[PDB]
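In what follows, a single structure is set out as structure tokens and then discussed.
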Amino acid sequence: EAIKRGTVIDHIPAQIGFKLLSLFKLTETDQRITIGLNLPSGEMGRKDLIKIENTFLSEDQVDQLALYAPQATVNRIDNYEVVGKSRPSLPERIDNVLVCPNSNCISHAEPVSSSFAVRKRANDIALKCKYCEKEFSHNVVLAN
Amino acid sequence: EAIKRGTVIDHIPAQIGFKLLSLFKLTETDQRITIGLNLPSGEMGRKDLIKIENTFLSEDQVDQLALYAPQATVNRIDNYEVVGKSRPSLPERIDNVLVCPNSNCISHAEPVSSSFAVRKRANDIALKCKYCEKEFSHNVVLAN
Amino acid sequence: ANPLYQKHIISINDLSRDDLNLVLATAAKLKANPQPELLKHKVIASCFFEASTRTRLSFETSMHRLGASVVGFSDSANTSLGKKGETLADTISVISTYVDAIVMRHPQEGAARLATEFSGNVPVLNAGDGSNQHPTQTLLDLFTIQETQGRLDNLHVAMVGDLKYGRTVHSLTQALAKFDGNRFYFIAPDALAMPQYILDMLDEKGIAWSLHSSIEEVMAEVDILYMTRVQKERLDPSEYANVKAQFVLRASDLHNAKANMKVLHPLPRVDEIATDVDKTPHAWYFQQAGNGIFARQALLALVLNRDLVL
Amino acid sequence: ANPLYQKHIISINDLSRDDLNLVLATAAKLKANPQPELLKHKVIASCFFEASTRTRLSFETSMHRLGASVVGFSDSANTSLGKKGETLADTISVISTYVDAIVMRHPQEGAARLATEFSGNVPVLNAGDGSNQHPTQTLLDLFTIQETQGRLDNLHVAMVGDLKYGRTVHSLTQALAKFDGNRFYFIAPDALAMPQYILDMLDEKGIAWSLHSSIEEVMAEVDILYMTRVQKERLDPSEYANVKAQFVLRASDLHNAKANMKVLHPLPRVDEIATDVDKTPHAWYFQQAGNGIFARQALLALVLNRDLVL
Amino acid sequence: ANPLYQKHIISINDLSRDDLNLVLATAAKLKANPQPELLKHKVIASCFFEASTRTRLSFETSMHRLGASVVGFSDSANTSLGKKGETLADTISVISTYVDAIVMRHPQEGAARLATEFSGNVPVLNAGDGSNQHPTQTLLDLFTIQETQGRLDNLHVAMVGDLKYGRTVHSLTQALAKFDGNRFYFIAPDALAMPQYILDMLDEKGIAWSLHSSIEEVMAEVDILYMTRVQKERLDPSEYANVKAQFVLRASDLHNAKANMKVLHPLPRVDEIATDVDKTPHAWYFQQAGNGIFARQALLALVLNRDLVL
Amino acid sequence: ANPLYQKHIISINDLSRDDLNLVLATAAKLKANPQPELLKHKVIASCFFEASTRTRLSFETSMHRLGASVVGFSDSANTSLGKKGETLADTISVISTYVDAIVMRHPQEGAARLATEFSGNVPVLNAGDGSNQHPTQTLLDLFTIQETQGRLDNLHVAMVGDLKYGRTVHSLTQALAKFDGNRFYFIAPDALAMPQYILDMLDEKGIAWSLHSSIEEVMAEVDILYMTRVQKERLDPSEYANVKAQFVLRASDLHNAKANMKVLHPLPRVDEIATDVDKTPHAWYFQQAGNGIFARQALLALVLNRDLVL
Ligand SMILES: Nc1ccn([C@H]2C[C@H](O)[C@@H](COP(=O)(O)OP(=O)(O)OP(=O)(O)O)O2)c(=O)n1
Ligand SMILES: Nc1ccn([C@H]2C[C@H](O)[C@@H](COP(=O)(O)OP(=O)(O)OP(=O)(O)O)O2)c(=O)n1
Ligand SMILES: [Zn+2]
Ligand SMILES: [Zn+2]
């Protein structure tokens, strides 16, 4: 089960596990990798979890998990045993992973990384494109 | 950790488990999944491993891995016992997963699934699109 | 002779409940018992001043299924001598000396009506005039509702999409309002709401209607879910993306739908009906299109024959 | 019922030798004994998403010679609602509720094949899909060879011109390779050579072929001289002039030609066949074109009738 | 250097109030004392990916008034037959090796911002990017309001017309909202109302605004009447007819206007402003256009010239 | 006067090695010490009979960098509805009474040469004539190779892509073949091989060249990797798919490249060079484009200014 060093992120919701591996390139390394999926934890829909060997993620790297997996916990391993628990906060910039829903936005088919700004509302979250400067519900952005 | 009833895909070429999970949407289920990439590989140099419970792969589904892990080993398990091992063999047809390299093929942006006839050649595999009837090296098709 | 013999077919507002029922009963009869020689030796003008391939093929097929001959044109950005100079009035005055009926589609509102004033005794059938009328679409819609529901009264009808600019939904609402006990559910963004004059018309007849922001609110009760395209051409792309999700339909949405419920759509349907709806028993937009043939046959037959032995 | 009843006609690769012979025997019968009412009351869609006047007129004439009615369109750089947005799949799903068969030509490879997946029980006939197939051209070519030579086996067939990009010659070579003892002569500049996959296919069947740089090398032995246009559009004008002379045919070149030898060309033929060839008894490209009518009639008849009394 | 030296000018939301004041003060100076050689030996690209004759001439005139040389183009022609398959990124990467500054207008939102990521040390000035920003229009508007009213604070500003889709009024509102005590009156049909996000921005800032059905409701207290074109291509022609009167201005409407009031319009005004307004002392749209030169000079001067203007 | 004073610049085959060296040395000088008034009071015609935004802006920028004024046009629009029935001869006869030099690009080969016969004492600079010459492209290429490699002799030069139809690689090969000890590697699919006449020219000069199927075969010994666009409009899309990989470059392909190696490309590179190449020290296509300015200045300066540049 356990790894000597690297990182383990836990308490990932069901069906969000694979999406993290996808979006965040979370498995793109010659270093060792072990993942568990649809794992039993506590609730009926339960949990996914990931473990990564010999690699560490910055505090900023943690924060990107917020939009999909708010309730997680990232965990550093240095010998066998843990060091510190970590929690993702809403970042100020979500870059690279989202796609602007504005079909006329210059960002499409150009060599730039997507970039959005975040702010809360009743019933949803507004995301604002760096390029077109248009603002959308996350529920609009997260469906394309 | 080991499994009671289901399927184990072993000797997966390293860094490929994730891909297999993507292409074949293996994570689109509720059954418990266990994965390892570049793992403790006595029986290899660098290999991947995927476990899926309460689910079984037919002969054709197993054969669909032939192009991505032609030396994998698919294990069928019940009551903790491995009841069958099979190796992927070259399928005669590959559907859904590949994309036709011909940019003028009708298949792009039409509501149909890709489909290719497969035939082995000395040094490669030839793939012939059901729609445009053009034939390409698997290296060309797999490129994108 | 039948009430529609030699009548012009211009506006849903000119057709009574009885007229509608007569077209539909005739359509059912020709569907069951084709009369491929009814209009033998008739010549019909297919005049698409505005091109519409789907509507034109449908109408011309109807003509041929009754044995009629067809002459016509479909016009893009052009004309020969001497329209763009020659009036529509003169064009109809000429063509009406040639043919037995004129089917026409035109970019300006009122074009078919003006045509009737110059076509002498040649009946004009309106295949669409600008943002005004499209009565044979409404007839095929109504035929499809009647055929699948067994009736045109006491229905729950939801309309979803661009209700402000869809001449097809205005017309269908007017038509359905000629029958009793129908209830309407309008699902549209505020910028594309069903117009007040439609709402006033329903109010004056004591017909119930309500607004809903989601298909889920009405799915359990709806008999007909009529989807209409979004005229995104008038809209900012950003705006079109912010309210896309409100009229997108997919197979999962039909989970609590009544067994009888049908999804209609005058087409094309990109971005509104996911292809996964197509295989469900509720998807009926292709069947709807196929019904255009029988509705349009009935209309041609009624208009060009005194009495129909069916 | 006959082996082709209600079958789609998409690719030469899907037609057996027996299928080919059946189409040709039927074509000979209709040529000798026309059946102008065979397809009475059938409606056929002539759908030229890609315009081709010669092919469309030929096909539509065939339809009328069997008594069928015809609806359709020819498309330039356009479309009405709502293709360029509406999928081909939806277009076929609609049109197949109207008509008894669909003849279609399209700029993308595979278009006809995709159509069969949406047309239900309505047969699709491929009038050409991009650089892929054009099976009714190949059928009319084969009918012409059989009619003039009395057979499709043991022939000497030369092909001259742009062999690399001519879908018509690829298809004819595949078709002729289903028969026995044929020998091929390929006459083309190196830049436009018959593709290796064609050559491999002939090798695998033990079919003899050879390259020649001039028509003179083969004239004494050739039964069929099949000329194909040069797609000069892909070429530098200087390049097109340097190798023009190698595929130009004139009357003097036919001096030692066999009495039976015919010159074929799917047309148009500018710059390849001098007009002085036209009057020789070997010129048969217009007769070839006229044969399109009988080949296409046979196909429509076989596909739309269970059993043909001829 | 001055605060704007070598800065990109992309969006009004990136310019502080001090920035705006600096541009306007610089504009006032150049109007009063021209500096025809300030940018001698600079070469500026006038890149109109989207054509706009009025805006381009204004900008290129401003370049020449400071002695700069100009190279450029105007497309809108290249569209989708290929337009330019080359990325904007590459176009900018190339052009930024040629010139000292890039002025660009583009049909896609974000285009100028994208340019800055590829222009190296070459400043980019946004002449309009889709429905997003148009800051030099806002700068000449502000300069015109400041000149005629003596201030940018404590004004009564009415905006009329298509408030929904006008990038120019969105931007002017944001800009005026950076100053204090301004009150807005929004006059627009419901289909064309000032968007919620603008209203919300005003609410956070505690800025007063009100909705009005017509111009006469507020004519007696406005300092600036800023009219906009109604993009009638968005509306139904009958819909346009019915709301037209509320956003059209004629001279008799001006009876109770303050002596200091000016009517602005970014042009063309063809529909909204009658020509009898032209000779009132309130008509200031042509003087407005004229100030584009001084605002655009100020911006070029500030961005390309290290030391502040005297 | 300098050797190039008042000379026409039409073809690389008319420029000696000393001419090439003189242009490059002049270009180096102007890059190092600009002379913004050298051509003050000259007026130069920028005549783009065939449109080319990148080449035109480069040329017009170079004119302004020396202080010259520019008049001009860009057609490609006028074609065959009339284009201009006037002869090129007459157009030049007229224009050569207006201006001090003519820079021209034309779709027909020989056009610039023809111009010189009608331009009187007005020099003509060829900005590209059909598939013939493009000497200022070759001059900026050479300048870029000399700058980054320190020499034009004893280099390892790889050319990749459409070697058959690229006027730019034909011309660069001829140019490099005027210097000593250069070795070429030609990487192209068979349908797009370097033409025989180029290979024959190299053979007479005893210059080494070899054919290679891919870039990796020679990546470790090349000093210049000169990539070209594959005119995919010539190939079948499936053919393009199958050979694509051999003429596309990405960053990982560069692992064993010499430290001094530069990747050049006359642009656009949309297909052949991945964007991850851009930030390697080998990417030099944008710097290449930038050198167009200095090469084009040098040429204008040499041709219009009697005394050599200091
Ligand atoms: N070499 C190691 C050492 C530890 N772990 C991890 C796996 C478990 O996720 C974690 C267990 O410790 P926790 O603090 O996460 O257990 P909790 O206290 O969080 O459980 P609970 O939240 O239910 O109280 O240790 C690991 O993967 N590899
Ligand atoms: N209840 C079980 C039994 C087996 N396995 C896994 C472990 C191995 O990765 C694979 C094969 O099981 P084996 O007992 O056959 O292990 P082998 O060592 O024999 O595999 P191989 O035949 O390749 O040597 O399946 C499992 O996950 N759960
Ligand atoms: Zn955006
Ligand atoms: Zn294909």
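Each answer follows from the model by the rule given with it, or from the source it names; nothing here is a laboratory result. When we count neighbours, we look across all protein chains shown, and the Cβ atoms used for this are built from the backbone with ideal geometry, even at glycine.
Figures for the structure shown
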item: Conditions (1) polar (S, T, N, Q); (2) under 25 Å from C:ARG151 (Cα atoms); (3) within 9 Å of chain D (Cβ to nearest Cβ); number of the one not met by C:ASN33; result: (3)
item: Residues located in the range D:111-123, provided they are under 14 Å from D:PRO135 (Cβ atoms) and assigned to a loop (DSSP other than H, G, I, E, B); result: D:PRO123
item: Any hit, the range A:52-73, residues being more than 16 Å from the chain's Cα centre (by Cα), assigned to a loop (DSSP other than H, G, I, E, B) and within 11 Å of another protein chain (Cβ to nearest Cβ); result: yes
item: Failed condition for A:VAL112, given (1) touching a strand residue (DSSP E or B) at 6+ places or on another chain (Cβ under 8 Å); (2) within 16 Å of ligand 3 (Cβ to nearest atom); result: (1)
item: Extreme residue, farthest from the other protein chains (Cβ to nearest Cβ), among residues of the range D:247-265 that are farther than 23 Å from D:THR168 by Cβ and within 26 Å of the chain's Cα centre (by Cα); result: D:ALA259
item: D:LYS244 more than 14 Å from chain F (Cβ to nearest Cβ), touching a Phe, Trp or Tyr at 6+ places or on another chain (Cβ under 7 Å) and not aliphatic (A, V, I, L, M); result: no
item: Residue match in the range B:14-33 (condition: touching a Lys or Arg at 6+ places or on another chain (Cβ under 6 Å), more than 14 Å from B:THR73 (Cα to Cα) and crowded, with 20+ Cβ neighbours inside 10 Å); result: no
item: Only listed residue being within 14 Å of another protein chain (Cβ to nearest Cβ) and surrounded by fewer than 16 Cβ atoms within 10 Å (Cβ to Cβ), chosen from E:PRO281, E:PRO268, E:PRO237; result: E:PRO237
item: Residues within the range A:1-40 that are charged (D, E, K, R) and more than 14 Å from ligand 1 (Cβ to nearest atom), tallied; result: 4
item: Test: residue in the range A:97-118 that is aromatic (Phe, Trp, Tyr), within 11 Å of another protein chain (Cβ to nearest Cβ), within 26 Å of C:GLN246 (Cα to Cα) and in contact with a helix residue (DSSP H, G or I) (Cβ under 8 Å, 6 or more places away or on another chain); result: no
item: Failed condition for A:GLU53, given (1) more than 11 Å from ligand 3 (Cβ to nearest atom); (2) touching a residue at least 24 places away in the same chain (Cβ under 8 Å); (3) out of contact with any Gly (no Cβ under 6 Å at 6 or more places or on another chain); result: (3)
item: The range C:68-85 residues that are surrounded by 14 or more Cβ atoms within 10 Å (Cβ to Cβ), paired with ones that are in a loop (DSSP other than H, G, I, E, B) and aliphatic (A, V, I, L, M) (beta carbon under 8 Å, 6 or more apart); result: C:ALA68/C:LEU39; C:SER74/C:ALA51; C:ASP75/C:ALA51
item: Counted residues, the range C:57-88 - those being part of a loop (DSSP other than H, G, I, E, B) and more than 9 Å from chain D (Cβ to nearest Cβ); result: 12
item: Matching entry among D:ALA241, D:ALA220, D:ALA289 (being in contact (Cβ under 8 Å) with a residue 12 or more places away in the chain and either part of a helix (DSSP H, G or I) or in contact with a helix residue (DSSP H, G or I) (Cβ under 7 Å, 6 or more places away or on another chain) (or both)); result: D:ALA289
item: Matching option when the condition is away from every other protein chain (no Cβ under 14 Å), out of contact with any strand residue (DSSP E or B) (no Cβ under 9 Å at 6 or more places or on another chain) and over 19 Å from F:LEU39 (Cβ atoms), among F:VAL169, F:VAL94, F:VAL160; result: F:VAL94
item: Complete set of residues in the range C:223-238 that are in contact with a strand residue (DSSP E or B) (Cβ under 9 Å, 6 or more places away or on another chain) and without any contact (Cβ under 8 Å) to a residue 40 or more places away in the chain; result: C:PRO237, C:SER238
item: The one condition in (1) within 15 Å of ligand 2 (Cβ to nearest atom); (2) in contact (Cβ under 8 Å) with a residue 24 or more places away in the chain; (3) assigned to a strand (DSSP E or B); (4) surrounded by 21 or more Cβ atoms within 10 Å (Cβ to Cβ) that B:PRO88 fails to fulfil; result: (3)
item: Hits in the range B:34-57 - residues which are over 18 Å from B:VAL82 (Cβ atoms) and surrounded by fewer than 17 Cβ atoms within 10 Å (Cβ to Cβ); result: B:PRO40, B:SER41, B:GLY45, B:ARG46
item: Complete set of residues in the range F:196-217 that are in a helix (DSSP H, G or I) and in contact with a helix residue (DSSP H, G or I) (Cβ under 8 Å, 6 or more places away or on another chain); result: F:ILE198, F:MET201, F:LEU202, F:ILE215, F:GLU216
item: Residue check for F:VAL169: surrounded by 24 or more Cβ atoms within 10 Å (Cβ to Cβ) and either out of contact with any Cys (no Cβ under 6 Å at 6 or more places or on another chain) or over 16 Å from F:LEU15 (Cβ atoms) (or both); result: yes
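Residue by residue, here is whether (1) out of contact with any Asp or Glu (no Cβ under 9 Å at 6 or more places or on another chain); (2) assigned to a helix (DSSP H, G or I); (3) not assigned by CATH to the domain that holds A:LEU142 holds:
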{"residue": "A:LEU20", "(1), (2), (3)": "no, yes, yes"}
{"residue": "A:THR29", "(1), (2), (3)": "no, no, yes"}
{"residue": "A:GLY36", "(1), (2), (3)": "no, no, yes"}
{"residue": "A:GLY42", "(1), (2), (3)": "yes, no, yes"}
{"residue": "A:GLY45", "(1), (2), (3)": "no, no, yes"}
